[PDB]
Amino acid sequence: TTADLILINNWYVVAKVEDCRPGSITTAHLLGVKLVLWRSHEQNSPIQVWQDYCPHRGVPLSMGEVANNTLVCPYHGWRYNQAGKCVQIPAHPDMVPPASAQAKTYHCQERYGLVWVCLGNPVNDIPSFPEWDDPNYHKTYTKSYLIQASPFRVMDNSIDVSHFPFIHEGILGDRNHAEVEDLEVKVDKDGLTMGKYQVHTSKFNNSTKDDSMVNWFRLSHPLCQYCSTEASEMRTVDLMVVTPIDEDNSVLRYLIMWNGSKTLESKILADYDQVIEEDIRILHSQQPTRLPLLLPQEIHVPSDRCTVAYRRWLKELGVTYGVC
């Protein structure tokens, strides 16, 4: 696994907690590793996140089953406890299993209804999300988007604001109001922050004044973005998380929170989906698929300030995976 240590020792989302019911077995991929996630049948059981590989004969444990608080390999029925230790070999039921019969386990935390995994030793905290515990804000989750592009391209595109009047034409501007005001970007001890920024939206409802939004966002780590939007009657926040499948593939998910009417959920999710799929069309075709750090090399203009700072930040962090 060629991921840089700075990536291995971070937290990434691999699933939503609501898709991982008691007694379930789920698969995911993170930084090139196959993972199995499983839970015992008890209510509120913790989630285990292991490499999807039985030490006996290399069969995926995800093809087995959960029984009596153990994951059971389908091939010879070896049973692994929550710590990943083999505690029973059915062929020799009075034999202590070899101390080497042990799954490779990883760190797992549930936070914000999401399943966070660290494949290494977590040097960092899970990013913060201040509105999570605020009862004035409702919450919803997008579907997960599988995207054939580097996770760092996915985050680069989400930090770029100048493309709004073109590929989000009709939602976030139009081709003839495309000028980009000066941008305020900082890379410091809190990571990358984009200062408050006006976005002219296209009018949809002519009875109402132009719902002009003001955005700002912070990245405390390069594959997770906290975004704040103020409209005329409402504040919307989201936690955008990118799962780095490998160097060339990503999963994109949003946790969205807003303090307007709960009835807005359907419209919020449909509007995110329309924006994300427009982005995915560009991401899928971008050349090369990995993000070039500072084919001709990419040109930069003043409105690229944000994405330029992002690329510099990645070089400072020693990122070599998913970039070129």
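Take the two forms, superpose them, and find the largest set of C-alpha atoms that agree within 1.5 Å; that set is the rigid core. We number the residues from 1 along the sequence you see.
Here the rigid core sets the fit, and in 4 other deposited structures of this protein the C-alphas of 90 to 98 stray farther than those of the other stretch, out of 90 to 98 and 154 to 162. Once the rigid core is used to overlay the structures in 4 other deposited structures of this protein, the stretch among 174 to 182 and 120 to 128 whose CA atoms lie farther from this form is 174 to 182. Coverage remark for residue 204: absent from the model in at least one third of the other entries compared whose chains are built on both sides. The entry shows a gap from residue 294 to residue 295, with 4 to 9 unmodelled residues of the deposited sequence in between. Per the PDB record, of the two stretches 112 to 120 and 212 to 220, 212 to 220 carries the greater mean B-factor over its C-alpha atoms.
The stretch 196 to 204 shows the higher mean C-alpha B-factor when 149 to 157 is compared against 196 to 204 in the entry. You'll see in the entry that, of 253, 92, 186, 76, the Cα B factor peaks at 186. Ranking 136, 232, 82, 105 by the C-alpha B-factor listed in the PDB entry places 232 at the top. Split the chain's modelled residues into thirds by C-alpha temperature factor. Residue 301 is in the highest one.
In the PDB entry, residue 57 places in the highest third of its chain by CA B-factor. When the CA B factors of the chain's modelled residues are split into thirds, the value for residue 260 lands in the highest one. Sort the modelled residues of the chain by CA B factor and residue 86 lands in the lowest third. When the modelled residues of the chain are ordered by C-alpha B-factor, residue 26 sits in the lowest third.
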